[PDB]
Amino acid sequence: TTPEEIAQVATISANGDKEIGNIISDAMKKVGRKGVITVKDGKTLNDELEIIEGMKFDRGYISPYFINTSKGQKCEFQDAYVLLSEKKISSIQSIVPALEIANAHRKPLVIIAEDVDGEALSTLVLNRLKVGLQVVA
Amino acid sequence: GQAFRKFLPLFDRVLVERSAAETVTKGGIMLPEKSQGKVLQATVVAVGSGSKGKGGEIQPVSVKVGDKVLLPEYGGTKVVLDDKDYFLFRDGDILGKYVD
């Protein structure tokens, strides 16, 4: 019932390591008793617990031209539009109307797709570099 | 046959200049140069004397200098005049003209 029992079980099973039990108890508290907890090696000397919230996937931007922060070579947008496409975006006609809507509403646009081919990608980089329109692929 | 700057097409060929390509969309989205293909809209700037298929006099071309015409996809001939680009077509290759 209590998280203290969770910490005690984790401590006993970890050869009496209090820190491991505390870390596991904290992770279970912050992601749920039936959440997803993964274990991986660390490059530091001490155990660390990191929580990934919201949605996050291991796919970065295609062309490093949409960077607008440069503090960590990252692109942040607030209150952004999202365009999700099952198929690749390659044609000019398949990308222009979304950009038109984003520009009219004056909001940044994230384009999540399988890939962005030469024509649409070139249009995106050109508009980002010249006009300054906020967009990312 | 109305001529152009030190040039005159022979027979039924018509010399035109393609309209400028569309750089930006209505909402301001700009297009790359390598895109947008080739412009099929042109302006007639030179017309030849006419064909000789019919016996007797000369039959002039249907178009006149200053007409806005729609070019076919293929069939033009590149001509360089004062470092600028023009295209020589046949009279019958022109698809139509924008009446206005």
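Presented here is an overview of the structure given in this document. Counting of residues restarts from 1 for each chain and follows the sequence as written, so the numbers need not equal those of the entry; residues with no coordinates are not shown. The order in which chains are written sets their letters, starting at A; the order in which ligands are written sets their numbers, starting at 1. Chains on display form part of a larger assembly; values are given for the displayed part and nothing beyond it. In computing side-chain values, all of the structure's heavy atoms are included and hydrogens and water are not.

1. Considering the interface of chain A and chain B
Here is step 1: Contacts between the two partners involve 11 residues from chain A and, on the opposite side, 10 residues from chain B.
Here is step 2: Buried surface at the junction of chain A and chain B, summed over both partners, amounts to about 870 Å²; 68% is from carbon and sulfur atoms.
Here is step 3: Among the residues chain A hides against chain B, the three largest losses belong to A:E100, A:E119 and A:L126. Together they make up 43% of the total.
Here is step 4: Counted as salt bridges are all cases of a side-chain nitrogen of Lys or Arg within 4 Å of a carboxyl oxygen of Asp or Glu. Counting across the chain A and chain B interface gives zero salt bridges.
Here is step 5: Any pair of nitrogen or oxygen atoms within 3.5 Å is treated as a polar contact; in protein, a donor-acceptor pairing is required on top of that, and neighbouring residues in sequence qualify only through side-chain atoms on both sides. Connecting chain A to chain B are three residue pairs in polar contact. Contact criterion: two residues are considered in contact whenever any of their non-hydrogen atoms come within 4.5 Å of each other. Buried area is calculated as the accessible area (1.4 Å probe) missing from two parts once they are joined, with the contributions of both summed.

2. Digging into the sheet that holds strand β3 (residues 68–70) of chain B
Residues and elements named next belong to chain B.
Here is step 1: Taken together, six strands build an open sheet; the order of strands is β4-β5-β1-β2-β3-β6 and the sheet is antiparallel. Two strands close off the open sheet at either side, each with one partner strand: β4 (77–81) and β6 (96–97).
Here is step 2: A pair of strands is treated as paired once DSSP finds two or more bridges between them. Runs of H or I in DSSP of at least four residues are treated as helices and runs of E of at least two as strands, each being numbered from the N terminus. Bridge count for β3 against β6 is two bridges, and the pairing is antiparallel. Within β6, the residue paired with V69 across the bridge is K97.

3. Regarding unusual backbone geometry
The bulk of non-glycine residues show a negative phi, and the bulk of peptide bonds are trans.
Here is step 1: Although it is not a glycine, A:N15 sits at a positive phi angle of roughly 60°.
Here is step 2: A residue is classified by how much of its surface remains accessible, and A:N15, at 77% relative accessible area, is exposed.
Here is step 3: Despite not being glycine, B:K6 has its phi angle at roughly 60°, a positive value.
Here is step 4: Note that B:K6 resides in the segment before β1 (14–18).
Here is step 5: We call a residue buried when its accessible area falls under 20% of the maximum for its residue type, exposed when it is over 50%, and partly exposed in between, using a 1.4 Å probe and counting protein chains only. Judged by its relative accessible area of 84%, B:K6 is exposed.

4. What to know about the packing of aromatic side chains
Any two aromatic rings considered together are summarised by their centre-to-centre distance and by the angle between their planes.
All names here are of chain B.
Here is step 1: Planes of paired rings set the category: under 30 degrees apart is stacked, over 60 is edge-to-face and the rest tilted, where pairs are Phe, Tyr or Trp rings (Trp by its six-membered ring) whose centres lie within 6.5 Å. Tallied over the full model, the rule gives one aromatic pair over all chains.
Here is step 2: Ring centres 5.2 Å apart and planes at 70° place the aromatic pair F4 and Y86 in the edge-to-face group. Remark: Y86 occurs in strand β5 (residues 84–89) and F4 occurs in the segment before β1; sequence separation between them is 82 residues.
Here is step 3: On the basis of relative accessible area, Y86 is assigned to the buried category, the value being 2%.
Here is step 4: Positioned over the ring face of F87 is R18, at 4.3 Å from the centre of the ring. Whether a charge sits over a ring depends on NZ of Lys or CZ of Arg being within 6 Å of the ring centre and within 35 degrees of the ring normal.

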